[PDB]
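Asker: I am sharing work-v3.cif, which consists of mmCIF, N, CA and C atoms:
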```cif
data_my_file
#
loop_
_atom_site.label_atom_id
_atom_site.label_comp_id
_atom_site.auth_asym_id
_atom_site.auth_seq_id
_atom_site.Cartn_x
_atom_site.Cartn_y
_atom_site.Cartn_z
N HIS A 7 0.85 -1.22 0.00
CA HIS A 7 0.00 0.00 0.00
C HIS A 7 0.87 1.25 0.00
N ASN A 8 0.76 1.97 -1.09
CA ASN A 8 1.56 3.20 -1.21
C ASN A 8 0.90 4.27 -0.42
N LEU A 9 1.42 4.68 0.70
CA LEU A 9 0.90 5.66 1.59
C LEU A 9 0.95 7.04 1.06
N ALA A 10 1.80 7.26 0.03
CA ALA A 10 1.90 8.59 -0.59
C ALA A 10 0.79 8.91 -1.58
N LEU A 11 0.08 7.91 -2.08
CA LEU A 11 -0.76 8.05 -3.25
C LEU A 11 -1.76 9.09 -2.93
N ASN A 12 -1.83 10.13 -3.77
CA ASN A 12 -2.78 11.24 -3.65
C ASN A 12 -2.76 12.07 -2.47
N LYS A 13 -1.63 12.00 -1.72
CA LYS A 13 -1.48 12.86 -0.55
C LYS A 13 -1.04 14.35 -0.88
N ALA A 14 -1.15 15.28 -0.03
CA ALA A 14 -0.68 16.62 -0.26
C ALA A 14 0.86 16.63 -0.31
N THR A 15 1.38 17.51 -1.09
CA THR A 15 2.82 17.70 -1.27
C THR A 15 3.22 19.09 -1.23
N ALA A 16 4.49 19.41 -1.04
CA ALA A 16 5.07 20.69 -1.24
C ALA A 16 6.43 20.51 -1.87
N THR A 17 6.93 21.47 -2.60
CA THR A 17 8.23 21.38 -3.24
C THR A 17 9.01 22.63 -3.07
N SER A 18 10.32 22.55 -3.22
CA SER A 18 11.13 23.74 -3.21
C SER A 18 10.93 24.64 -4.42
N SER A 19 10.67 24.06 -5.57
CA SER A 19 10.49 24.78 -6.84
C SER A 19 9.82 23.85 -7.78
N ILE A 20 9.33 24.41 -8.89
CA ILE A 20 8.78 23.66 -10.04
C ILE A 20 9.34 24.24 -11.32
N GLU A 21 9.50 23.38 -12.30
CA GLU A 21 10.07 23.82 -13.59
C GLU A 21 9.05 24.59 -14.35
N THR A 22 7.84 24.18 -14.36
CA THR A 22 6.76 24.71 -15.25
C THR A 22 5.43 24.25 -14.68
N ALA A 23 4.29 24.90 -14.97
CA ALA A 23 3.05 24.42 -14.68
C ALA A 23 2.87 23.02 -15.24
N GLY A 24 2.22 22.13 -14.55
CA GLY A 24 2.11 20.74 -14.93
C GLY A 24 3.22 19.80 -14.39
N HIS A 25 4.27 20.39 -13.84
CA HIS A 25 5.35 19.66 -13.18
C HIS A 25 5.34 19.85 -11.65
N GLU A 26 4.20 20.08 -11.05
CA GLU A 26 4.12 20.29 -9.62
C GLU A 26 4.30 18.97 -8.84
N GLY A 27 4.48 19.14 -7.51
CA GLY A 27 4.70 17.97 -6.63
C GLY A 27 3.64 16.94 -6.65
N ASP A 28 2.38 17.35 -6.92
CA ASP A 28 1.33 16.39 -6.92
C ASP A 28 1.49 15.33 -8.04
N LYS A 29 2.24 15.71 -9.07
CA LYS A 29 2.52 14.76 -10.17
C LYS A 29 3.41 13.59 -9.76
N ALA A 30 4.11 13.73 -8.62
CA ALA A 30 4.94 12.66 -8.12
C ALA A 30 4.15 11.64 -7.29
N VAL A 31 2.91 11.91 -6.94
CA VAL A 31 2.17 11.07 -6.03
C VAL A 31 0.81 10.71 -6.61
N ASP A 32 0.68 10.73 -7.93
CA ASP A 32 -0.61 10.45 -8.58
C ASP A 32 -0.65 9.04 -9.07
N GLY A 33 0.31 8.21 -8.96
CA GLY A 33 0.29 6.86 -9.43
C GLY A 33 0.49 6.72 -10.88
N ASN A 34 0.82 7.79 -11.59
CA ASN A 34 0.95 7.75 -13.03
C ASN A 34 2.40 7.89 -13.39
N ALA A 35 2.98 6.92 -14.07
CA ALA A 35 4.36 6.91 -14.48
C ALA A 35 4.72 7.84 -15.62
N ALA A 36 3.70 8.47 -16.18
CA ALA A 36 3.90 9.44 -17.27
C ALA A 36 3.63 10.86 -16.89
N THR A 37 3.52 11.19 -15.58
CA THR A 37 3.44 12.52 -15.06
C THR A 37 4.61 12.64 -14.01
N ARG A 38 5.21 13.80 -13.93
CA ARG A 38 6.32 14.00 -12.98
C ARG A 38 6.35 15.36 -12.39
N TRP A 39 6.85 15.41 -11.13
CA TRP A 39 7.38 16.65 -10.58
C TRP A 39 8.70 16.93 -11.25
N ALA A 40 8.99 18.18 -11.52
CA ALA A 40 10.30 18.62 -11.95
C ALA A 40 10.62 19.94 -11.25
N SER A 41 11.80 20.00 -10.66
CA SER A 41 12.26 21.22 -10.01
C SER A 41 12.72 22.26 -11.00
N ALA A 42 12.94 23.51 -10.53
CA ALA A 42 13.76 24.44 -11.32
C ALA A 42 15.12 23.90 -11.46
N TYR A 43 15.83 24.49 -12.48
CA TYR A 43 17.15 24.07 -12.84
C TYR A 43 18.22 24.68 -12.00
N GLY A 44 19.37 24.12 -11.82
CA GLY A 44 20.53 24.70 -11.25
C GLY A 44 21.19 23.96 -10.12
N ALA A 45 22.19 24.48 -9.43
CA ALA A 45 23.02 23.82 -8.46
C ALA A 45 22.48 23.83 -7.00
N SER A 46 21.40 24.54 -6.80
CA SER A 46 20.69 24.64 -5.52
C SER A 46 20.21 23.20 -5.10
N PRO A 47 20.14 22.88 -3.83
CA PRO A 47 19.35 21.72 -3.38
C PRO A 47 17.90 21.95 -3.75
N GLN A 48 17.18 20.83 -4.01
CA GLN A 48 15.78 20.87 -4.22
C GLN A 48 15.12 19.77 -3.44
N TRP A 49 13.83 19.87 -3.22
CA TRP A 49 13.13 18.92 -2.38
C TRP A 49 11.68 18.83 -2.70
N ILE A 50 11.12 17.67 -2.31
CA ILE A 50 9.69 17.44 -2.36
C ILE A 50 9.32 16.73 -1.08
N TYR A 51 8.27 17.14 -0.41
CA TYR A 51 7.76 16.36 0.74
C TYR A 51 6.33 16.02 0.56
N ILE A 52 5.92 14.97 1.23
CA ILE A 52 4.56 14.43 1.28
C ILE A 52 4.05 14.52 2.67
N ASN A 53 2.88 15.08 2.90
CA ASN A 53 2.16 15.01 4.16
C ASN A 53 1.36 13.78 4.21
N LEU A 54 1.77 12.72 4.98
CA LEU A 54 1.05 11.50 5.04
C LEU A 54 -0.34 11.60 5.77
N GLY A 55 -0.54 12.65 6.47
CA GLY A 55 -1.96 12.94 6.94
C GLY A 55 -2.22 12.46 8.32
N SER A 56 -1.32 11.60 8.79
CA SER A 56 -1.40 10.91 10.13
C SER A 56 -0.02 10.32 10.35
N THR A 57 0.35 10.03 11.59
CA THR A 57 1.63 9.30 11.81
C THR A 57 1.54 7.94 11.21
N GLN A 58 2.50 7.47 10.47
CA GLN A 58 2.61 6.16 9.95
C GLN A 58 3.96 5.54 10.34
N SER A 59 4.08 4.28 10.40
CA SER A 59 5.35 3.62 10.55
C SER A 59 5.77 3.23 9.19
N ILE A 60 6.91 3.81 8.72
CA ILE A 60 7.39 3.62 7.37
C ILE A 60 8.80 3.00 7.36
N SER A 61 9.10 2.29 6.34
CA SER A 61 10.41 1.65 6.19
C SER A 61 10.90 1.52 4.81
N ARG A 62 10.13 1.96 3.79
CA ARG A 62 10.52 1.83 2.42
C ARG A 62 10.05 3.00 1.63
N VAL A 63 10.90 3.49 0.72
CA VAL A 63 10.56 4.50 -0.28
C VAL A 63 10.92 3.98 -1.62
N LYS A 64 10.08 4.12 -2.63
CA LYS A 64 10.47 3.86 -3.99
C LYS A 64 10.41 5.11 -4.78
N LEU A 65 11.52 5.47 -5.43
CA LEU A 65 11.59 6.63 -6.32
C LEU A 65 11.63 6.20 -7.74
N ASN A 66 10.94 6.83 -8.63
CA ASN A 66 11.04 6.56 -10.07
C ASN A 66 11.51 7.87 -10.70
N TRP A 67 12.81 7.97 -10.95
CA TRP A 67 13.42 9.16 -11.45
C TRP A 67 13.25 9.37 -12.91
N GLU A 68 13.07 10.58 -13.38
CA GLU A 68 13.25 10.96 -14.80
C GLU A 68 14.75 11.07 -15.01
N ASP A 69 15.16 11.33 -16.27
CA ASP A 69 16.58 11.45 -16.59
C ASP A 69 17.34 12.45 -15.76
N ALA A 70 16.64 13.53 -15.31
CA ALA A 70 17.23 14.49 -14.39
C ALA A 70 17.20 13.87 -12.94
N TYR A 71 18.01 12.94 -12.66
CA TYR A 71 18.01 12.28 -11.39
C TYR A 71 19.07 12.85 -10.44
N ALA A 72 19.01 12.48 -9.17
CA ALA A 72 19.99 12.86 -8.15
C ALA A 72 20.98 11.76 -7.95
N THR A 73 22.28 12.06 -8.05
CA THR A 73 23.28 11.17 -7.59
C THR A 73 23.51 11.19 -6.07
N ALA A 74 23.18 12.35 -5.46
CA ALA A 74 23.21 12.50 -3.99
C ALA A 74 21.89 13.08 -3.51
N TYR A 75 21.32 12.36 -2.57
CA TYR A 75 20.04 12.85 -1.93
C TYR A 75 19.93 12.12 -0.67
N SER A 76 19.00 12.65 0.13
CA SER A 76 18.57 11.99 1.36
C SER A 76 17.08 11.79 1.40
N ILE A 77 16.61 10.78 2.09
CA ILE A 77 15.23 10.62 2.52
C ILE A 77 15.16 11.03 3.95
N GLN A 78 14.20 11.90 4.28
CA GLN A 78 14.07 12.48 5.62
C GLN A 78 12.63 12.38 6.11
N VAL A 79 12.45 12.37 7.38
CA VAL A 79 11.12 12.36 8.00
C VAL A 79 11.00 13.49 8.92
N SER A 80 9.70 13.86 9.10
CA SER A 80 9.34 14.83 10.17
C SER A 80 8.14 14.25 10.89
N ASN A 81 8.10 14.54 12.20
CA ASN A 81 6.92 14.23 13.05
C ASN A 81 6.35 15.45 13.60
N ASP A 82 6.58 16.63 13.01
CA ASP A 82 5.94 17.88 13.42
C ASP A 82 4.45 17.81 13.31
N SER A 83 3.82 18.56 14.24
CA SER A 83 2.38 18.82 14.13
C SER A 83 2.03 19.84 13.09
N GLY A 84 0.76 19.84 12.64
CA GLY A 84 0.33 20.78 11.66
C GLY A 84 0.62 20.43 10.26
N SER A 85 0.65 21.34 9.36
CA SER A 85 0.85 21.08 7.93
C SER A 85 2.06 21.69 7.27
N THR A 86 2.94 22.26 8.14
CA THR A 86 4.09 22.97 7.73
C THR A 86 5.32 22.48 8.49
N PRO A 87 5.90 21.36 8.08
CA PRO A 87 7.02 20.80 8.80
C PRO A 87 8.25 21.61 8.71
N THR A 88 9.01 21.63 9.78
CA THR A 88 10.28 22.40 9.78
C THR A 88 11.48 21.57 10.34
N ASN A 89 11.23 20.46 11.01
CA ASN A 89 12.28 19.67 11.61
C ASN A 89 12.36 18.35 10.86
N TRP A 90 13.49 18.13 10.22
CA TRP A 90 13.71 16.95 9.39
C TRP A 90 14.81 16.08 9.96
N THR A 91 14.64 14.80 9.83
CA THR A 91 15.62 13.78 10.26
C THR A 91 15.93 12.91 9.08
N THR A 92 17.21 12.82 8.68
CA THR A 92 17.63 11.92 7.65
C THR A 92 17.54 10.46 8.05
N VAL A 93 16.89 9.65 7.29
CA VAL A 93 16.78 8.22 7.51
C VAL A 93 17.56 7.42 6.54
N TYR A 94 17.98 7.99 5.43
CA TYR A 94 18.76 7.37 4.39
C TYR A 94 19.43 8.42 3.61
N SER A 95 20.69 8.22 3.15
CA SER A 95 21.24 9.07 2.13
C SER A 95 22.22 8.29 1.26
N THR A 96 22.46 8.81 0.10
CA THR A 96 23.44 8.18 -0.87
C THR A 96 24.16 9.30 -1.51
N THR A 97 25.37 8.92 -2.01
CA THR A 97 26.09 9.75 -2.98
C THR A 97 26.36 8.96 -4.31
N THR A 98 25.74 7.85 -4.45
CA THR A 98 25.98 6.97 -5.59
C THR A 98 24.74 6.63 -6.30
N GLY A 99 23.72 7.52 -6.27
CA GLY A 99 22.45 7.24 -6.94
C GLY A 99 22.68 7.06 -8.43
N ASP A 100 21.94 6.11 -9.00
CA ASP A 100 22.06 5.78 -10.43
C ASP A 100 20.79 5.96 -11.19
N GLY A 101 19.78 6.63 -10.62
CA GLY A 101 18.61 6.98 -11.35
C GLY A 101 17.64 5.82 -11.60
N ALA A 102 16.76 6.05 -12.52
CA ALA A 102 15.71 5.11 -12.82
C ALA A 102 14.94 4.76 -11.54
N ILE A 103 14.75 3.49 -11.18
CA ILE A 103 14.11 3.14 -9.93
C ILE A 103 15.12 3.09 -8.82
N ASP A 104 14.85 3.71 -7.68
CA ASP A 104 15.60 3.55 -6.46
C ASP A 104 14.66 2.99 -5.47
N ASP A 105 14.93 1.75 -5.05
CA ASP A 105 14.15 1.12 -4.04
C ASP A 105 14.84 1.13 -2.69
N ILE A 106 14.41 1.89 -1.73
CA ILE A 106 15.19 2.26 -0.57
C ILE A 106 14.52 1.65 0.64
N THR A 107 15.25 1.00 1.51
CA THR A 107 14.74 0.53 2.80
C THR A 107 15.54 1.18 3.96
N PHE A 108 14.93 1.36 5.09
CA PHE A 108 15.55 1.90 6.26
C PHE A 108 14.82 1.44 7.50
N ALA A 109 15.39 1.69 8.65
CA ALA A 109 14.80 1.22 9.89
C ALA A 109 13.42 1.78 9.99
N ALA A 110 12.42 0.97 10.42
CA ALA A 110 11.08 1.44 10.57
C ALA A 110 10.98 2.54 11.52
N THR A 111 10.24 3.65 11.13
CA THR A 111 10.17 4.80 11.94
C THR A 111 8.79 5.44 11.83
N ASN A 112 8.30 6.02 12.86
CA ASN A 112 7.13 6.91 12.74
C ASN A 112 7.53 8.09 11.86
N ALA A 113 6.56 8.55 11.10
CA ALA A 113 6.71 9.78 10.26
C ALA A 113 5.31 10.34 9.99
N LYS A 114 5.21 11.64 10.01
CA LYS A 114 3.98 12.34 9.47
C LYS A 114 4.31 12.92 8.11
N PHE A 115 5.56 13.27 7.82
CA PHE A 115 6.02 13.84 6.48
C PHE A 115 7.22 13.08 6.05
N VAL A 116 7.41 12.89 4.74
CA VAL A 116 8.58 12.30 4.18
C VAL A 116 9.09 13.24 3.13
N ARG A 117 10.38 13.52 3.07
CA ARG A 117 11.02 14.49 2.12
C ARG A 117 12.12 13.75 1.37
N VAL A 118 12.19 13.98 0.06
CA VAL A 118 13.44 13.76 -0.75
C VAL A 118 14.15 15.06 -0.79
N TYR A 119 15.36 15.10 -0.29
CA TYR A 119 16.20 16.30 -0.29
C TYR A 119 17.39 16.00 -1.18
N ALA A 120 17.37 16.58 -2.35
CA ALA A 120 18.29 16.24 -3.44
C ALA A 120 19.36 17.32 -3.54
N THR A 121 20.60 16.87 -3.57
CA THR A 121 21.75 17.83 -3.40
C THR A 121 22.78 17.71 -4.48
N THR A 122 22.95 16.62 -5.21
CA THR A 122 23.86 16.60 -6.43
C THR A 122 23.08 16.00 -7.54
N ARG A 123 23.05 16.69 -8.63
CA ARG A 123 22.41 16.31 -9.89
C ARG A 123 23.29 15.39 -10.69
N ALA A 124 22.66 14.53 -11.44
CA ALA A 124 23.32 13.76 -12.58
C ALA A 124 23.42 14.60 -13.79
N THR A 125 22.64 15.61 -13.99
CA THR A 125 22.56 16.44 -15.18
C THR A 125 22.73 17.88 -14.82
N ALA A 126 22.75 18.76 -15.83
CA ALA A 126 22.77 20.13 -15.60
C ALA A 126 21.41 20.80 -15.60
N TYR A 127 20.31 20.02 -15.44
CA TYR A 127 18.98 20.54 -15.35
C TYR A 127 18.62 20.79 -13.90
N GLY A 128 17.55 20.11 -13.47
CA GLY A 128 17.17 20.11 -12.04
C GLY A 128 17.04 18.69 -11.64
N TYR A 129 15.99 18.36 -10.87
CA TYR A 129 15.65 17.04 -10.40
C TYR A 129 14.25 16.77 -10.79
N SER A 130 13.92 15.52 -11.10
CA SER A 130 12.55 15.15 -11.53
C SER A 130 12.20 13.75 -11.19
N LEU A 131 11.04 13.57 -10.61
CA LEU A 131 10.47 12.30 -10.22
C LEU A 131 9.11 12.05 -10.86
N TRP A 132 9.04 10.91 -11.61
CA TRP A 132 7.76 10.40 -12.06
C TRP A 132 6.85 10.01 -10.87
N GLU A 133 7.47 9.34 -9.88
CA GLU A 133 6.73 8.90 -8.72
C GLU A 133 7.64 8.87 -7.48
N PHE A 134 7.04 9.11 -6.34
CA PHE A 134 7.68 9.07 -5.01
C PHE A 134 6.67 8.26 -4.18
N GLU A 135 7.00 7.03 -3.87
CA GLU A 135 6.11 6.04 -3.22
C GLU A 135 6.65 5.82 -1.84
N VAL A 136 5.76 5.57 -0.86
CA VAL A 136 6.13 5.36 0.56
C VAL A 136 5.38 4.18 1.12
N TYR A 137 6.07 3.26 1.78
CA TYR A 137 5.51 2.04 2.31
C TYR A 137 5.91 1.78 3.71
N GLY A 138 5.03 1.02 4.37
CA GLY A 138 5.33 0.39 5.69
C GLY A 138 6.40 -0.65 5.62
#
```
Output the file's structure in the form of structure tokens.

Answerer:
Amino acid sequence: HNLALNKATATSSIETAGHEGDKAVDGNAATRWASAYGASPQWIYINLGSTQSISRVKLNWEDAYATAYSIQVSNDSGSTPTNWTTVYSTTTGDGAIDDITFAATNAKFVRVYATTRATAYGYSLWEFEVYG
């Protein structure tokens, strides 16, 4: 059960209308979030709507993938998280599907925080999936 499916999202930036964060959590492999371009970190988070115990994330990257990123959680109250905890990070990402597991943890929000690009564009995800 993908806990992210159709949940609310927020992003650091978007490339264009139609590339918003909600495109990463619609279950459609032919729609994507895409960030603005450049060397800045970029991010997308999902509000899971309730505390969940999570242990797996699946990312489906577009060609503009991250070689370095982290998966982070927040347990803040409300709808505007500010305190993030890294649960996983890599500097060897290879794009396409990234199937990530980590110690089971409570989370109300999950963030991809992307910090090194594979390309000179931005970052883009067809899908960002979250599982127990």

Asker: Just give me the gap between atom CA of residue A:87 and atom CA of residue A:69 in Å, one decimal is fine.

Answerer: 28.7 Å

Asker: Can you pull out every residue within 6 Å of residue A:116, counting all atoms listed in the file, but drop anything in the same chain fewer than 2 positions away, and send it as a CSV table (one decimal) with N, CA and C atoms, in the coordinates of the input?

Answerer:
```csv
chain,number,residue,atom,x,y,z
A,50,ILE,N,11.1,17.7,-2.3
A,50,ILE,CA,9.7,17.4,-2.4
A,50,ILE,C,9.3,16.7,-1.1
A,51,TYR,N,8.3,17.1,-0.4
A,51,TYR,CA,7.8,16.4,0.7
A,51,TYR,C,6.3,16.0,0.6
A,52,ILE,N,5.9,15.0,1.2
A,52,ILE,CA,4.6,14.4,1.3
A,52,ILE,C,4.0,14.5,2.7
A,53,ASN,N,2.9,15.1,2.9
A,53,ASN,CA,2.2,15.0,4.2
A,53,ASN,C,1.4,13.8,4.2
A,54,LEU,N,1.8,12.7,5.0
A,54,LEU,CA,1.0,11.5,5.0
A,54,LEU,C,-0.3,11.6,5.8
A,78,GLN,N,14.2,11.9,4.3
A,78,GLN,CA,14.1,12.5,5.6
A,78,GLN,C,12.6,12.4,6.1
A,79,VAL,N,12.4,12.4,7.4
A,79,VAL,CA,11.1,12.4,8.0
A,79,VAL,C,11.0,13.5,8.9
A,80,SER,N,9.7,13.9,9.1
A,80,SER,CA,9.3,14.8,10.2
A,80,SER,C,8.1,14.2,10.9
A,114,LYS,N,5.2,11.6,10.0
A,114,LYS,CA,4.0,12.3,9.5
A,114,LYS,C,4.3,12.9,8.1
A,118,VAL,N,12.2,14.0,0.1
A,118,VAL,CA,13.4,13.8,-0.8
A,118,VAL,C,14.2,15.1,-0.8
```

Asker: Could you name the residues that touch residue A:133 at 7 Å or less, counting all atoms listed in the file, but leaving out those on the same chain fewer than 3 positions away, as a PyMOL selection string?

Answerer: chain A and resi 29-35+37-39+64-68+130

Asker: Give me a file of those residues, with N, CA and C atoms, as a short mmCIF file (atom, residue, chain, number, x, y, z; two decimals), in the frame of the given file.

Answerer:
```cif
data_model
loop_
_atom_site.label_atom_id
_atom_site.label_comp_id
_atom_site.auth_asym_id
_atom_site.auth_seq_id
_atom_site.Cartn_x
_atom_site.Cartn_y
_atom_site.Cartn_z
N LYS A 29 2.24 15.71 -9.07
CA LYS A 29 2.52 14.76 -10.17
C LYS A 29 3.41 13.59 -9.76
N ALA A 30 4.11 13.73 -8.62
CA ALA A 30 4.94 12.66 -8.12
C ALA A 30 4.15 11.64 -7.29
N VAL A 31 2.91 11.91 -6.94
CA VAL A 31 2.17 11.07 -6.03
C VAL A 31 0.81 10.71 -6.61
N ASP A 32 0.68 10.73 -7.93
CA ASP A 32 -0.61 10.45 -8.58
C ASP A 32 -0.65 9.04 -9.07
N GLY A 33 0.31 8.21 -8.96
CA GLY A 33 0.29 6.86 -9.43
C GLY A 33 0.49 6.72 -10.88
N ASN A 34 0.82 7.79 -11.59
CA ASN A 34 0.95 7.75 -13.03
C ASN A 34 2.40 7.89 -13.39
N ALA A 35 2.98 6.92 -14.07
CA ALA A 35 4.36 6.91 -14.48
C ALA A 35 4.72 7.84 -15.62
N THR A 37 3.52 11.19 -15.58
CA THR A 37 3.44 12.52 -15.06
C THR A 37 4.61 12.64 -14.01
N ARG A 38 5.21 13.80 -13.93
CA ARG A 38 6.32 14.00 -12.98
C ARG A 38 6.35 15.36 -12.39
N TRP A 39 6.85 15.41 -11.13
CA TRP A 39 7.38 16.65 -10.58
C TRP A 39 8.70 16.93 -11.25
N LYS A 64 10.08 4.12 -2.63
CA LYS A 64 10.47 3.86 -3.99
C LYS A 64 10.41 5.11 -4.78
N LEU A 65 11.52 5.47 -5.43
CA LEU A 65 11.59 6.63 -6.32
C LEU A 65 11.63 6.20 -7.74
N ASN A 66 10.94 6.83 -8.63
CA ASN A 66 11.04 6.56 -10.07
C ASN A 66 11.51 7.87 -10.70
N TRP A 67 12.81 7.97 -10.95
CA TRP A 67 13.42 9.16 -11.45
C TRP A 67 13.25 9.37 -12.91
N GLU A 68 13.07 10.58 -13.38
CA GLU A 68 13.25 10.96 -14.80
C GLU A 68 14.75 11.07 -15.01
N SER A 130 13.92 15.52 -11.10
CA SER A 130 12.55 15.15 -11.53
C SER A 130 12.20 13.75 -11.19
#
```

Asker: Counting only C-alpha atoms, find the residues whose atoms lie at most 10 Å from (6.9, 16.1, 14.5) (file coordinates) and write them out as a PyMOL selection string.

Answerer: chain A and resi 57+79-84+87-91+112-115

Asker: With N, CA and C atoms retained, write the just-selected residues as a PDB file, keeping the file's coordinate frame.

Answerer:
```pdb
ATOM      1  N   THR A  57       0.350  10.030  11.590  1.00  0.00           N
ATOM      2  CA  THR A  57       1.630   9.300  11.810  1.00  0.00           C
ATOM      3  C   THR A  57       1.540   7.940  11.210  1.00  0.00           C
ATOM      4  N   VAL A  79      12.450  12.370   7.380  1.00  0.00           N
ATOM      5  CA  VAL A  79      11.120  12.360   8.000  1.00  0.00           C
ATOM      6  C   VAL A  79      11.000  13.490   8.920  1.00  0.00           C
ATOM      7  N   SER A  80       9.700  13.860   9.100  1.00  0.00           N
ATOM      8  CA  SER A  80       9.340  14.830  10.170  1.00  0.00           C
ATOM      9  C   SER A  80       8.140  14.250  10.890  1.00  0.00           C
ATOM     10  N   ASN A  81       8.100  14.540  12.200  1.00  0.00           N
ATOM     11  CA  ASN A  81       6.920  14.230  13.050  1.00  0.00           C
ATOM     12  C   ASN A  81       6.350  15.450  13.600  1.00  0.00           C
ATOM     13  N   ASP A  82       6.580  16.630  13.010  1.00  0.00           N
ATOM     14  CA  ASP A  82       5.940  17.880  13.420  1.00  0.00           C
ATOM     15  C   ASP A  82       4.450  17.810  13.310  1.00  0.00           C
ATOM     16  N   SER A  83       3.820  18.560  14.240  1.00  0.00           N
ATOM     17  CA  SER A  83       2.380  18.820  14.130  1.00  0.00           C
ATOM     18  C   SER A  83       2.030  19.840  13.090  1.00  0.00           C
ATOM     19  N   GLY A  84       0.760  19.840  12.640  1.00  0.00           N
ATOM     20  CA  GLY A  84       0.330  20.780  11.660  1.00  0.00           C
ATOM     21  C   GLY A  84       0.620  20.430  10.260  1.00  0.00           C
ATOM     22  N   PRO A  87       5.900  21.360   8.080  1.00  0.00           N
ATOM     23  CA  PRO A  87       7.020  20.800   8.800  1.00  0.00           C
ATOM     24  C   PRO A  87       8.250  21.610   8.710  1.00  0.00           C
ATOM     25  N   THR A  88       9.010  21.630   9.780  1.00  0.00           N
ATOM     26  CA  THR A  88      10.280  22.400   9.780  1.00  0.00           C
ATOM     27  C   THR A  88      11.480  21.570  10.340  1.00  0.00           C
ATOM     28  N   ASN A  89      11.230  20.460  11.010  1.00  0.00           N
ATOM     29  CA  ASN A  89      12.280  19.670  11.610  1.00  0.00           C
ATOM     30  C   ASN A  89      12.360  18.350  10.860  1.00  0.00           C
ATOM     31  N   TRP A  90      13.490  18.130  10.220  1.00  0.00           N
ATOM     32  CA  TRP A  90      13.710  16.950   9.390  1.00  0.00           C
ATOM     33  C   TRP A  90      14.810  16.080   9.960  1.00  0.00           C
ATOM     34  N   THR A  91      14.640  14.800   9.830  1.00  0.00           N
ATOM     35  CA  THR A  91      15.620  13.780  10.260  1.00  0.00           C
ATOM     36  C   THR A  91      15.930  12.910   9.080  1.00  0.00           C
ATOM     37  N   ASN A 112       8.300   6.020  12.860  1.00  0.00           N
ATOM     38  CA  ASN A 112       7.130   6.910  12.740  1.00  0.00           C
ATOM     39  C   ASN A 112       7.530   8.090  11.860  1.00  0.00           C
ATOM     40  N   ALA A 113       6.560   8.550  11.100  1.00  0.00           N
ATOM     41  CA  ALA A 113       6.710   9.780  10.260  1.00  0.00           C
ATOM     42  C   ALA A 113       5.310  10.340   9.990  1.00  0.00           C
ATOM     43  N   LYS A 114       5.210  11.640  10.010  1.00  0.00           N
ATOM     44  CA  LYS A 114       3.980  12.340   9.470  1.00  0.00           C
ATOM     45  C   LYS A 114       4.310  12.920   8.110  1.00  0.00           C
ATOM     46  N   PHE A 115       5.560  13.270   7.820  1.00  0.00           N
ATOM     47  CA  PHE A 115       6.020  13.840   6.480  1.00  0.00           C
ATOM     48  C   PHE A 115       7.220  13.080   6.050  1.00  0.00           C
TER      49      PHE A 115
END
```

Asker: Grab the atom CA of residue A:77 to atom CA of residue A:126 distance for me, in Å with one decimal place.

Answerer: 21.8 Å

Asker: For stretch 32-93 of chain A versus stretch 17-21 of chain A, which residues have an atom no more than 6 Å away, and what is each residue's nearest atom pair and distance in Å rounded to one decimal, using only N, CA and C atoms, chain-then-number order, as a tab-separated table?

Answerer:
```
residue	atom	partner	partner_atom	distance
A:40	C	A:21	N	3.8
A:41	C	A:21	N	3.6
A:42	N	A:20	C	3.8
A:43	N	A:21	CA	5.9
A:48	C	A:18	N	5.6
A:49	C	A:18	N	4.0
A:50	CA	A:17	CA	4.3
A:51	N	A:17	N	5.0
```
